[PDB]
Amino acid sequence: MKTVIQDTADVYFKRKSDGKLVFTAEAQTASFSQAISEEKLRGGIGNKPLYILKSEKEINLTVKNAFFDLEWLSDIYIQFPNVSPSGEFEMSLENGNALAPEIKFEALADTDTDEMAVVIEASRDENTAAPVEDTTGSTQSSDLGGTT
Amino acid sequence: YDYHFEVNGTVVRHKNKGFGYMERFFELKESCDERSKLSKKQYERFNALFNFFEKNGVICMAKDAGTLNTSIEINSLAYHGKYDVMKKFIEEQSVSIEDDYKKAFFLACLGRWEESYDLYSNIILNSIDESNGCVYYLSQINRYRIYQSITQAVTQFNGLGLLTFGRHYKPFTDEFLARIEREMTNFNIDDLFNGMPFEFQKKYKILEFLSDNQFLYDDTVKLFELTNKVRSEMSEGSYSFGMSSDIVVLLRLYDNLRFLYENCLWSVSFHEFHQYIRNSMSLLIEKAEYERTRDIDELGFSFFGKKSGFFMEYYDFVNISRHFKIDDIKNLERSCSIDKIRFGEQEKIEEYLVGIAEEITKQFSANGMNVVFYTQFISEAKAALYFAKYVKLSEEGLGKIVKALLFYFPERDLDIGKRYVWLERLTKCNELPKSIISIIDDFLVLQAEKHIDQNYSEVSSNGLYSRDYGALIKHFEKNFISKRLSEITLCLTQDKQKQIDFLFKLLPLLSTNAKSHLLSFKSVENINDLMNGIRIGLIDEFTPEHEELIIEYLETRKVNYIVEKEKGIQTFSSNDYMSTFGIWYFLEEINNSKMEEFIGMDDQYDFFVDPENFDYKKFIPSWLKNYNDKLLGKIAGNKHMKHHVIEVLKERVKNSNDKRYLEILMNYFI
Amino acid sequence: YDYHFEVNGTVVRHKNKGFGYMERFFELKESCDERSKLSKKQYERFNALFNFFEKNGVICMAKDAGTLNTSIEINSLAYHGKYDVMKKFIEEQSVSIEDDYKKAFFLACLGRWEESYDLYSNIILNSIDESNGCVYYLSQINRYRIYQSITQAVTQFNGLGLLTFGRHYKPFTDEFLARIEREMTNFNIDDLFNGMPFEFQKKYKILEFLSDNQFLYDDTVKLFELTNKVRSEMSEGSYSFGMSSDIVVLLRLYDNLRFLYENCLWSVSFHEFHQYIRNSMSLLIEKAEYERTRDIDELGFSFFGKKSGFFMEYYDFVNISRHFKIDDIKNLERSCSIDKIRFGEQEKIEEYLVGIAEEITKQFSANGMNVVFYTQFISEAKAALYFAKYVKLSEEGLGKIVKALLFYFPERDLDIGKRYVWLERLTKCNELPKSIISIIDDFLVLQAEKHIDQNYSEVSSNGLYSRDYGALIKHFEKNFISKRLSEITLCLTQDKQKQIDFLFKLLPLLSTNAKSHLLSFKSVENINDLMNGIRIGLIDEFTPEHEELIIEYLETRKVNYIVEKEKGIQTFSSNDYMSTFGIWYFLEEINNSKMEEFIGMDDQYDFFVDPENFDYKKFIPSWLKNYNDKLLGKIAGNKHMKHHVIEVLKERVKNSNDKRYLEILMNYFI
């Protein structure tokens, strides 16, 4: 068959503003341990009956060896409302006569919690887990390479 | 090594070739006359050894002894999370250096890691005079542990703390970060015990494990060595009574916790102690759903007793709530069955959950929390409310926990569709009274009050939105009117746009007069409103202009398909748009003949709409995960769909590890 | 800890402050022009470092991260099973003290644990005039480990299985078991690294872990990454990328086996190291079975087009053959299907299995066994021949394995009930060729010649006898009649007892004179002499004279049924062959109309002579276990019971735990 040997990639944390979508800076990260996990359970809506059972989709991700994460290149007091933005993702693949499937994630929050380790420095390689958010629009897209 | 002392206090000997002193010692405890042979000076030393072996639970005599009700009781304000009482302890005037030792551990649990480095340094600078150096040594460990927490929180705050907070959050002064780096330079934590005096190293060889950075390895290998006994317990494995297995795994956890929290050791807040609690409690639950559904016979009863269910109590709830993340509980809820595990001490759990509620109300309803305390606390507060599906709560207790889940939890840790999940979970044994309904009703009005701005969108991670709060009230009270969402419904004009779309999705909550003022202001004009007006009960049959919009929508979705596959941009839906249309055509809810002209863009469409010409190799058997009782009835009923699924479903039972396929293969298709 | 050396062959900067000395070195590898500008003494030192990091598999830094697919080679005669070259290395009189160190390892692998202890004792006396002191440390370790191996064996040759197995007493004399113990008191194993100089404690610090009884605790704890891979399977949608935690487990197994064998360390014989290999290999077969049956993926196709998959090779075979029991392989064969993992390198696996034959042959054809070597070789030999279901063999090699198994294997552990299983399993990949018939055909002559004594019988742990061998000849060679077994048959005396019925248990292998003359001894007497005819005789003919005795047997049972009905307790007979008689009526061998008029017997009789009018409320569900595949195939034609045996499986599949009932319905009834 076609020489599909592609395993690892390089993922691009893009940039959006607090109420805007600026994309100008970037905060991209290297290889992804990549527990990409689609626990989709999204459901059809019936016409006559209704149900409140568990029916929804979700996409979790994680990455490894983050870089480019300082200033995007003191009131120590946390508040309950947040207007933090959501950096869009790109994942650039390789290893084919076609170009990368170029999987884009449109709106993405950042869900990692901190953790203190006995040894030193909390990990040999850090991780940022990242869920995928939606309000009235698409959650992912695959830009198959085709030529080149 | 002259006596094995076990987790129950039982005493068996090894390498004691001589006189049996600890074999003999409890005979002085038994007969009051034999201990009367002691001198009136050494009787005072038996007045002290009796106390120490009682309260440390080695009152169990030897192997020549019966059963023991091995209780556990942890007298520490930090374990139970008594945050106000810990604050009132620090502000008191210090008397003892063993009170400064306990203040130093409370100011770290409360987040004050600078004040806690300082009081550890003060003890070390004036507790070398004392004739026993356990306070010197244990503070010299804790300070390096409090160093490491500061040192890699400033690494977090400058890195991944940037893009998760929206601020910078440096809580330590740059003069503070430089002082602690030049004091703690060339400190070797592995070499501290050899730095101690000679008399200390013979009287305290049991504190040498606290300065090796890998100290529960002697317990983690035993946890593994008792895991593969469960992995080798498939062909009617024994030792499921647990008097030599479960109690061993559990009483070695309760002795480690009571060592680390009574002796105020800061090594308890790290990931390596957090993982030991995760591995031990997940192993007791894995031997509670597996090794519950075993071959139940009379031959296994005569082999061994104690085949009752597992029992969780107050201390087991705190240990899962503190030491697990949400995903680590989410493994267990899909692995094991926690509804099969009974919870005891329901009224002590409702004083741990309510103190978690009031550490979130009385610390976010003010101007804010401490960020270093937020990092420690908020994982515990999330998992405690998540795992409160399993306890029953009072009406005054449920009201305070819900008002902190819905109002004062920060939005960055719990978005609108994860607050909904943890609200639906608190009903499964605590069905909503009228006093809790008026809290959800008061949260729907704060979401109304935020769509006054035009550019605002409820972000959700699972796509459950503010509608589901509405459908949750109506599920418990079928005749309900929000008499305050009506008063904003009957004050609507056309300038507000996002208001109208929000309150329309909460339409059954509105009163019958107040509906029509918004029914007159919103016409169905897009496939979103076609589906939003289905999920509120507005539409019961498609007036065929409704059937036109689906035809209108796919015509757009047809023509982009050619000019996207030449580009290769292969789209992925956000929601079950196209798949629901085929259910509308397979259940004959749409009778349009133009529906067949769109066969070939989506395989879930192509199953329902062309139920023969599909060739079935594109069937994804996770599609039966999300079908109702109704639809699977007609899947059996379709003369073509009845049997290809049976070959698909059988190999999803022969090969997979989910029980839902086993339910589908009998209940609908037999 | 200035650099973090990963297992894949990469380097990460870890705590290097100043000049990165490992960055420049790999540059000096890649740039040959830069390699030139050195001195003429630090150039010969570079050839030493280049040959080090290329045999230890440290390729490069991680910053460029070259695509690596490195393999494993274990340069050791002891790993591969070369027992003959080890022996002609012991006889070759050594020249060097790091060559006596290799023999005392090779003696220990051969079970010469007395000459191992002494030769390690010469190396301890003779390593005074040596600079490094490495052979001093690794010989104290190995002699202590060879001391621990003796002190166990004194508790097994005199302990559990001591009875009559040949050399039933000890192999170590009283003068030696006292000489070792008086030398080994107060050898603190923990005080061995500390006693060595501070030059040994810095130039050779990496051998600190071998001086601990608790060694490989630091690798059992890190194998808790098994939880990280139960977590990805339980989360059920987790698509780990790159060097996943599977490949870390495999590359860390390989890096432990290659260390301990090539450094000639005796801890590789202990149970701690075997359980590490079991738990790590079992996990990798589990992640292979999970991946080959993952539920596709709707969206992950952007990366999940295919996966190459865990496949077996030669070193993965020797590790399952050496380190598992038959009880452990059967746990993997219950959970996984190893006939779907491809087994590579099948010219090296044949040479490892031919060697195990040539060690069984050269030890139990001669009377020179070593009772320590037999204790530890026999588990590997049993596991390697059991796990060769999956490797294709050449007809020379399949001969030397089957010959060594049937004739030359010791009877004390692998009886004929298990010799049948482990020759049945070799027929899976290899259809039974012409030569292996002759190797069995020699054996059934020899099994005849041991049945002339009246007091001999074939003990079977399963119950399978030599009767089942003979089917397997006829199962493949449909036209084969053993000539010498016919030659045995023409020389019989009717006064024989064991020889007679034995040939009846191989009667379908005989010639038309040998069948007839043995039929001359075949004389049926009654019903008790008839129902064992399908068990033993196998005439395969139902004459009406035999069918008249069946009607006469139920008629005399009906006369006894009048007494059983008048007494009030109509219990069935002890020789309840009425339950069997309905099956022969169901499979159309008896065509009498009086079979349906014989009601009042056991309900299995009425179940098959009248499947319509049977009380399915009076059906007993446990009957389905005892029903063969011809019946369970033939019930599906009987539609007058098809709709109700599905009603009693479904009344148990959710309800019981016996998965045979599921396998009845999911293989047949659906």
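- For this entry, the PDB record names cryo-EM as the structure determination method and reports a resolution of 3.16 Å.

## Observations concerning the overall build of chain B
Here is step 1 of the chain: Along its length, chain B carries 35 helices and 5 strands.
Here is step 2 of the chain: With the C-alpha coordinates aligned to their principal axes, the bounding extent of chain B is approximately 105 × 65 × 55 Å.
Here is step 3 of the chain: For chain B, long-range pairs separated by at least 24 residues make up 70% of all intrachain contacts whose partners lie at least 6 apart in sequence.

## A look at the overall build of chain A
Here is step 1 of the chain: Counting its regular elements, chain A contains 0 helices and 7 strands.
Here is step 2 of the chain: The C-alpha radius of gyration of chain A comes to 18 Å, more than 25% above the 15 Å expected for a compact globule of 148 residues.
Here is step 3 of the chain: Dimensions of chain A, computed from the C-alpha atoms along their principal axes, are close to 55 × 45 × 35 Å.

## So, the packing of helix α6 (residues 97-109) of chain C against helix α8 (residues 134-153) of chain C
Residues and elements named next belong to chain C.
Here is step 1 of the chain: Interhelical geometry of α6 versus α8 gives an angle of 15° and a closest axis separation of 11 Å. It follows that α6 is roughly parallel to α8 by the angle criterion. The handedness of the crossing between α6 and α8 comes out as left-handed. Contacts from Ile-97, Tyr-101 and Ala-108 of α6 reach α8 at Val-135, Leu-138, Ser-139, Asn-142 and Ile-146.
Here is step 2 of the chain: Split by residue class, the contact of α6 with α8 holds 6 nonpolar, 2 polar and no charged.

## Side note on the pattern of salt bridges
Side-chain pairs of opposite charge can arise where the charged atoms are in close proximity.
Here is step 1 of the chain: C:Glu298 is the partner of A:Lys40 in a salt bridge, and the nearest nitrogen-oxygen pair spans 3.7 Å. Taken together, the residues span two chains, with A:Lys40 in the loop between β2 (36-38) and β3 (59-62) and C:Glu298 in the loop between α14 (271-291) and α15 (315-323).
Here is step 2 of the chain: By sharing partners, the salt bridges in this structure join B:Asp118, B:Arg179 and B:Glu183 into a single network.

## Concerning the sheet that holds strand β4 (residues 89-92) of chain A
Here is step 1 of the chain: One open sheet holds the 5 strands; their spatial order is β1(A)-β4(A)-β5(A)-β7(A)-β5(B), and the pairing between them is antiparallel. Taken across any chain shown, the strands that pair with only one partner, and hence form the sheet edges, are β1 (10-13) of chain A together with β5 (569-572) of chain B. Each strand axis lies, on average, 20° off the axis of its neighbour in the sheet, ignoring direction.
Here is step 2 of the chain: Where β4(A) and strand β5 (residues 103-105) of chain A come together, 3 bridges link them in antiparallel fashion. In the strand pairing of β5(A), A:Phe89 is matched with A:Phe105.

## Section: the interface of chain A and chain B
Here is step 1 of the chain: Between chain A and chain B, the contact holds 55 residues from the first and 74 residues from the second.
Here is step 2 of the chain: The greatest single-element share of the side of chain A that touches chain B, amounting to 4 residues, is contributed by strand β7 (residues 140-143) of chain A.
Here is step 3 of the chain: Judged from the 4 bridges that link them, β7(A) and β5(B) form a sheet pairing that is antiparallel. Its bridge partner lying in β5(B), A:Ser141 is registered against B:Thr571.

## Overview of the interface of chain B and chain C
Here is step 1 of the chain: Counting residues at the interface gives 34 residues for chain B and 26 residues for chain C.
Here is step 2 of the chain: Contributions of two or more residues to the side of chain B that touches chain C are made by α12 (217-225), α18 (326-335), α34 (641-650) and α35 (660-667) of chain B.
Here is step 3 of the chain: It is α12(B) that contributes the most residues to the side of chain B that touches chain C, 5 residues altogether.

## Thoughts on the sheet that holds strand β6 (residues 129-131) of chain A
Here is step 1 of the chain: Ordered in space as β6(A)-β3(A)-β2(A)-β3(C), the 4 strands form an open sheet in which the pairing is antiparallel. Looking at strand neighbours, the two that pair on one side only are β6 of chain A together with β3 (238-239) of chain C, the edges of this open sheet.

## Observations concerning the packing of aromatic side chains
Here is step 1 of the chain: Ring centres of B:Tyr83 and B:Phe373 lie 5.4 Å apart, and the angle between their planes is 85°; on these two criteria the pair is classed as edge-to-face. Highlighted residues: B:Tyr83 in helix α3 (residues 83-90) and B:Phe373 in helix α21 (residues 371-386), separated in sequence by 290 residues.
Here is step 2 of the chain: When the centroid spacing of 5.4 Å and the interplanar angle of 85° are considered together, the rings of B:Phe607 and B:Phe608 count as edge-to-face.
Here is step 3 of the chain: Members of the aromatic cluster, connected to one another through ring pairs, are C:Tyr79, C:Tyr261, C:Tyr314, C:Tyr315, C:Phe317, C:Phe343, C:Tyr352, C:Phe387 and C:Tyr390.
Here is step 4 of the chain: Of note, C:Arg143 hangs over the ring of C:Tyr117, and the distance from its end group to the ring centre comes to 5.7 Å.

## Some remarks on the pairing of β7(A)
Here is step 1 of the chain: As paired elements, β5(A) and β7(A) share 2 bridges and run antiparallel to each other. Within β7(A), the position partnered with A:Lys104 by the bridge is A:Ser141.

## Points about the environment of B:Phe669
Residues and elements named next belong to chain B.
Here is step 1 of the chain: Secondary-structure assignment places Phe-669 in the segment after α35.
Here is step 2 of the chain: Between the C-alpha atom of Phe-669 and that of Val-230, which follows or precedes it by 439 residues, the distance is 35 Å.
Here is step 3 of the chain: Contacts of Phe-669, omitting those with residues within four sequence positions, involve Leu-632, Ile-635, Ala-636, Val-645, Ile-646, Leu-649 and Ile-664.

## Observations concerning the environment of B:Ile74
All names here are of chain B.
Here is step 1 of the chain: Counting through the fold element by element, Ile-74 comes out in the loop between α2 (43-55) and α3.
Here is step 2 of the chain: Each C-alpha atom, one on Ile-74 and one on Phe-259, is 9.5 Å from the other, the two residues being 185 residues apart in sequence.
Here is step 3 of the chain: Excluding residues within four positions of it along the chain, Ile-74 makes contact with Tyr-79, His-80, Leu-257, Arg-258, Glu-262 and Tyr-315.

The rules we used
Residues numbered from 1 in each chain as written, not as in the entry; some residues may be left out. Chains lettered and ligands numbered in written order. Part of a larger assembly, values for the part shown. Heavy atoms only, no water. Residues with missing side-chain atoms left out of burial classes, pairs and counts. Helix = DSSP H or I, 4+ residues; strand = E, 2+ residues; numbered from the N terminus. Contact = heavy atoms within 4.5 Å. Rg over C-alpha atoms; globule rule 2.2 N^0.38 Å. Axes fitted to C-alpha atoms, helices over the stretch in contact; angles between N-to-C directions. Parallel < 35°, antiparallel > 145°, perpendicular 65-115°, else oblique. Left-handed = near helix turned anticlockwise from the far one by under 90°. Nonpolar A, V, L, I, M, F, W, Y, C, P; charged D, E, K, R; others polar. Salt bridge = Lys/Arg side-chain N within 4 Å of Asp/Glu carboxyl O. Pairing = 2+ DSSP bridges. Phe/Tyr/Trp six-rings, centres within 6.5 Å; stacked < 30°, edge-to-face > 60°. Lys NZ or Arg CZ within 6 Å of the ring centre and 35° of its normal.

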